[PDB]
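Cβ coordinates were reconstructed from backbone atoms using ideal geometry, including for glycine residues, and neighbour counts include every protein chain displayed. What follows draws every value from the coordinates through simple rules; no lab data is involved.
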Amino acid sequence: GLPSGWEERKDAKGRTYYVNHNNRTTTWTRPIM
Amino acid sequence: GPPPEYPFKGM
C-alpha cells in the first residue's frame, strides 16, 4: 500500500488524507513513492 | 482548507 511511515486516515467529513509519521506532517496528497 | 493536523501526542 503506502510507503514506509505513511498512514491513510479520514477527517470528520469522511475525506481521505495522509499522515506522514516519518516527518510528523499531514497532507491531502497521496504519496507516490 | 487543510487536513487534520499531525497528532502531536503520538510523537
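A few notes on this one:
- The range A:9-33, residues that are surrounded by fewer than 12 Cβ atoms within 10 Å (Cβ to Cβ), touching a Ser or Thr at 6+ places or on another chain (Cβ under 8 Å) and not in a loop (DSSP other than H, G, I, E, B): A:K10
- Restricting attention to chain A, the residues that are aliphatic (A, V, I, L, M) and in contact (Cβ under 8 Å) with a residue 12 or more places away in the chain total 3.
- If you go through the range A:22-33 and keep only what is at the interface with chain B (Cβ under 8 Å from one of its Cβ atoms) and within 10 Å of the chain's Cα centre (by Cα), you end up with A:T25, A:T26, A:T27, A:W28.
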